[PDB]
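Trainee: Have a look at this one.
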Amino acid sequence: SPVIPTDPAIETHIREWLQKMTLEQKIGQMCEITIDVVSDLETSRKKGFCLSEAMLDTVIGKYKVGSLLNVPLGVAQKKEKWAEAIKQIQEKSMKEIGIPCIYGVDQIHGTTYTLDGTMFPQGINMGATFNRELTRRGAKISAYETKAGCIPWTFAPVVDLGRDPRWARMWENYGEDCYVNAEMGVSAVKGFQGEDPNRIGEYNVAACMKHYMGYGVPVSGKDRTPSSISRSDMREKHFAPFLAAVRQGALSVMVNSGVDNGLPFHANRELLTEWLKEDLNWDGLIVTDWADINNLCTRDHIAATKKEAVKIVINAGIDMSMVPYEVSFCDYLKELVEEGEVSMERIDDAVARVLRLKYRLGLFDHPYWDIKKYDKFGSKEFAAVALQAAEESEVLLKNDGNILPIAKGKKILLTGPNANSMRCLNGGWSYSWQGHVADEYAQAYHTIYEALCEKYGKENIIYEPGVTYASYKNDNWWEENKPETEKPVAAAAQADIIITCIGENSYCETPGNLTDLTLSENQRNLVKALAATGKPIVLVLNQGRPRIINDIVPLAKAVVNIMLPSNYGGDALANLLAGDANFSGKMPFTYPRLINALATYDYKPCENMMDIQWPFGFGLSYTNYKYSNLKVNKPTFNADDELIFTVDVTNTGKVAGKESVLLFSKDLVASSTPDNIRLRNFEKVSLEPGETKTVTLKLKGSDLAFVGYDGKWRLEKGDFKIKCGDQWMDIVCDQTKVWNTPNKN
Ligand SMILES: OC[C@H]1O[C@@H](O)[C@H](O)[C@@H](O)[C@@H]1O
Ligand SMILES: [Mg+2]
């Protein structure tokens, strides 16, 4: 049955577009071109962003191109500028084609490419909140502020499995667990789109699930190099968030640029047409990632010509090509259709999907609109939500002697290269693609230094970085200036405590590839030199990947992992360090300790017959929580039962906080060697000092199924254990079920 209901009025409109459209118009609707192609750059340098009328005439008038993407001039623009540009684009599209353009933008964590928007912590941070509602509210705000520039389509959310800490895109998704990505991805989709996928309202956008699928586990750790994914992992884990999002009505999917089992995913008919469109009966849009049809020819050599690559990818089930420079795509596809290599059935289906999306977004009736009414843009109300997200994502990993919180009045030596910059805090997909320009445009927001000054007074903060990042040149995200560790060491005698901010500078995608996961040698020497002053040290980790720090964690009294908390991350940190907020974040991935002992939390028991830095689900706070009375309604169950778990959680310390309650399962014996432990549900609860609450968490029996060797889901007769916080119970499945459908439920 269709995952998104059929709107007959939309289908009727589509049928009558398809009867009347020229082949050139149809092909144009399957083509997407990046904004640079239609930009007048010399006039833009002098007078601000300006489109080229002549190039619009070519792209839209002659070739009938149905979609544009990307940020004008490679840098975030004012919403007024966005709106003026999209207006001109739509006036042209309605005049020459009669079909409105769909403009896609990478608004990744709030409005990446719209100035003065509300910027949220990155995906990995949102995972660490274990707060679905907060993720939803973040996406709702991003949608609102995206539509404030007349943009209807966001290339988000990202639901790759961040299971490889070498990978430059580990931070874009919600971490290493497939359940966390599925649930948060669904929360983002609901926020972005609203509750009716057929009528995306004024303040909502179409979501795009990225990057279908298995993108996050390249064998070498290098971006867009081959993964080697097992049959069971592909169905059970990598597919899981896409399955969940599509069933909630996500309107579009972007395909994985990379390769597995010798096949680029853009050429994988089975995964695109069968697993996605046909098995789920899903009428949404599949779009390529950047240049990926041409990559079949030039990068991977599975096509002799670009034209042969078009044939392969379109026949594999792609609907729209992110070319993104060459209107010649249209010529090639037309030739293929005339030759009989690509059928009209396939062209008509692609165009149906493009038009359907456009109708769902109301673009025929409202191709652009007045933006005056979007008066909550950049508001205090929206910022308080981003601040909450940031507070809830920053993880307390170590606190010996309860050195935190730090009392107002103590003198703080602030050190390290991540201590005074918004570029660090944001990472990539922030004002520019690499994030390199963040400090030019993020002056209204607080760096770590600025926030600590507001909390403790400028007079109580001594800032001597010792090590700083070099100025931007050719994606030198790794490069630091010569260390001057001599300086903060000398200044230490005047401080009570040292906070050292370390990790990475901003990068995005392939330029962010690393050759050594170990934290920078200069950064490690800075921490060692400071340790030897005898003053206590608090490490602040600000990075897109968990850099190896096994030699410096023993020298630190406390450690806070902020990951990429973005524009309110400095404020959040200061609020947490002073106890005005209480820590609640938990690790959404496994932090490795040794460079050739990398592992995820759901390892097979042969892997621990297990030496890591901090595990998945770990996080401290300024209070403690007791779990008791773990019960279930049906201790003996089958696939079709609803299991209802309850547990009492009591705040036994002296201050209020939020506890993320995680529910894990363990299959003791199975026909495939079972994951040692698996997250199955979670729920976050607020508790005052001394307060108990009964937390309810529900599962279907079939949630304890796994994908067997033969590719089929099975729930087997036998024993399981359930772990919730500190507490364990026994349950029994009383009968085996094997599914003949590709998916459960
Ligand atoms: O910018 C459009 C697309 O281009 C590619 O570089 C990235 O992999 C995608 O995440 C992005 O949505
Ligand atoms: Mg079993």
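We label chains A, B, ... in the order they appear in the structure tokens, count residues from 1 in each chain, and number ligands from 1 in the order shown.
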So which residues are near ligand 2, meaning at most 8 Å away with only C-alpha atoms and all ligand atoms counted, given back as a VMD selection string?
Mentor: chain A and resid 667 to 671 715 to 720
Trainee: Write a file of the just-selected residues containing C-alpha atoms, as a short mmCIF file (atom, residue, chain, number, x, y, z; two decimals), in the first residue's frame.
Mentor:
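Once everything was written out, this is part-v4.cif:
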data_model
loop_
_atom_site.label_atom_id
_atom_site.label_comp_id
_atom_site.auth_asym_id
_atom_site.auth_seq_id
_atom_site.Cartn_x
_atom_site.Cartn_y
_atom_site.Cartn_z
CA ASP A 667 19.94 -11.95 22.21
CA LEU A 668 21.83 -14.69 24.12
CA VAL A 669 21.91 -17.31 21.32
CA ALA A 670 21.16 -16.78 17.59
CA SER A 671 21.70 -18.39 14.16
CA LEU A 715 12.88 -13.36 15.43
CA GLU A 716 13.99 -16.65 17.06
CA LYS A 717 12.54 -18.68 20.01
CA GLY A 718 14.90 -18.11 22.95
CA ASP A 719 16.22 -15.92 25.73
CA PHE A 720 16.95 -12.22 25.66
#
Trainee: If we count only C-alpha atoms, what is near residue 407 of chain A at a cut-off of 10 Å, once residues fewer than 3 positions away on the same chain are taken out, given as a list in words?
Mentor: residues 403, 404, 410, 411, 456, 577, 578 and 579 of chain A
Trainee: Skipping near chain neighbours, those fewer than 5 positions away, what residues fall within 10 Å of residue 444 of chain A using only C-alpha atoms, listed as a ChimeraX atom specification?
Mentor: /A:116,439,567
Trainee: Selected residues, C-alpha atoms, written as an mmCIF file, in the first residue's frame, please.
Mentor:
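Saved file part29.cif follows:
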data_model
loop_
_atom_site.group_PDB
_atom_site.id
_atom_site.type_symbol
_atom_site.label_atom_id
_atom_site.label_comp_id
_atom_site.auth_asym_id
_atom_site.auth_seq_id
_atom_site.Cartn_x
_atom_site.Cartn_y
_atom_site.Cartn_z
ATOM 1 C CA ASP A 116 21.573 35.734 10.457
ATOM 2 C CA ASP A 439 34.002 34.377 11.784
ATOM 3 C CA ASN A 567 26.522 29.335 17.431
#
Trainee: For a test of reading the model, state the distance in Å between atom CA of residue 185 of chain A and atom CA of residue 321 of chain A, rounded to one decimal.
Mentor: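 If I compute the distance from atom CA of residue 185 of chain A to atom CA of residue 321 of chain A, I get 23.9 Å.
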Trainee: Determine which residues of segment 566-708 of chain A receive a DSSP assignment of strand (DSSP E), computed from the backbone, and state them as a PyMOL selection string.
Mentor: chain A and resi 591-592+612-614+625-632+636-637+642-651+657-667+678-687+692-700+706-707
Trainee: At most 7 Å is the cut-off: for each residue in chain A with any atom that close to an atom of ligand 1, write down the nearest atom pair and the distance in Å rounded to one decimal, counting only C-alpha atoms and all ligand atoms, chain first then increasing number, as CSV.
Mentor:
residue,atom,partner,partner_atom_place_in_ligand_line,distance
A:70,CA,ligand 1,1 (O),6.2
A:106,CA,ligand 1,12 (O),5.6
A:155,CA,ligand 1,12 (O),5.1
A:210,CA,ligand 1,10 (O),6.8
A:289,CA,ligand 1,3 (C),5.2
A:290,CA,ligand 1,4 (O),4.5
A:509,CA,ligand 1,8 (O),6.9
Trainee: Create the file for the chosen residues now, containing N, CA, C and O atoms and written as a PDB file, in the first residue's frame.
Mentor:
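Printed below is selection_38.pdb as written:
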ATOM      1  N   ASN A  70      22.141  25.364  -4.809  1.00  0.00           N
ATOM      2  CA  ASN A  70      23.351  25.923  -4.196  1.00  0.00           C
ATOM      3  C   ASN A  70      23.254  27.412  -3.866  1.00  0.00           C
ATOM      4  O   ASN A  70      22.301  28.100  -4.267  1.00  0.00           O
ATOM      5  N   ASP A 106      21.421  23.230   0.602  1.00  0.00           N
ATOM      6  CA  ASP A 106      21.981  22.569   1.776  1.00  0.00           C
ATOM      7  C   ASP A 106      21.822  23.415   3.058  1.00  0.00           C
ATOM      8  O   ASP A 106      22.797  23.996   3.551  1.00  0.00           O
ATOM      9  N   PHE A 155      18.311  19.986   1.389  1.00  0.00           N
ATOM     10  CA  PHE A 155      19.052  18.732   1.232  1.00  0.00           C
ATOM     11  C   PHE A 155      19.461  18.236   2.629  1.00  0.00           C
ATOM     12  O   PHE A 155      20.630  18.295   3.024  1.00  0.00           O
ATOM     13  N   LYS A 210      19.663  11.788   3.010  1.00  0.00           N
ATOM     14  CA  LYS A 210      21.016  11.610   2.463  1.00  0.00           C
ATOM     15  C   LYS A 210      21.852  10.659   3.338  1.00  0.00           C
ATOM     16  O   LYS A 210      21.666  10.652   4.554  1.00  0.00           O
ATOM     17  N   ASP A 289      23.543  12.904  -6.141  1.00  0.00           N
ATOM     18  CA  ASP A 289      24.501  13.807  -5.539  1.00  0.00           C
ATOM     19  C   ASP A 289      25.337  14.448  -6.675  1.00  0.00           C
ATOM     20  O   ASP A 289      25.111  14.208  -7.874  1.00  0.00           O
ATOM     21  N   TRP A 290      26.288  15.283  -6.282  1.00  0.00           N
ATOM     22  CA  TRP A 290      26.937  16.250  -7.156  1.00  0.00           C
ATOM     23  C   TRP A 290      27.825  15.578  -8.221  1.00  0.00           C
ATOM     24  O   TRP A 290      28.796  14.909  -7.887  1.00  0.00           O
ATOM     25  N   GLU A 509      33.432  17.213   3.640  1.00  0.00           N
ATOM     26  CA  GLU A 509      33.631  16.228   2.576  1.00  0.00           C
ATOM     27  C   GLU A 509      35.109  15.918   2.278  1.00  0.00           C
ATOM     28  O   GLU A 509      35.950  15.906   3.196  1.00  0.00           O
TER      29      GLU A 509
END
Trainee: Enumerate, as a ChimeraX atom specification, the complete set of residues in segment 319-558 of chain A that a backbone-based DSSP assignment places in helix (DSSP H, G or I).
Mentor: /A:328-339,344-360,380-393,400-402,422-426,438-441,448-456,458-460,486-494,510-512,521-531,553-555
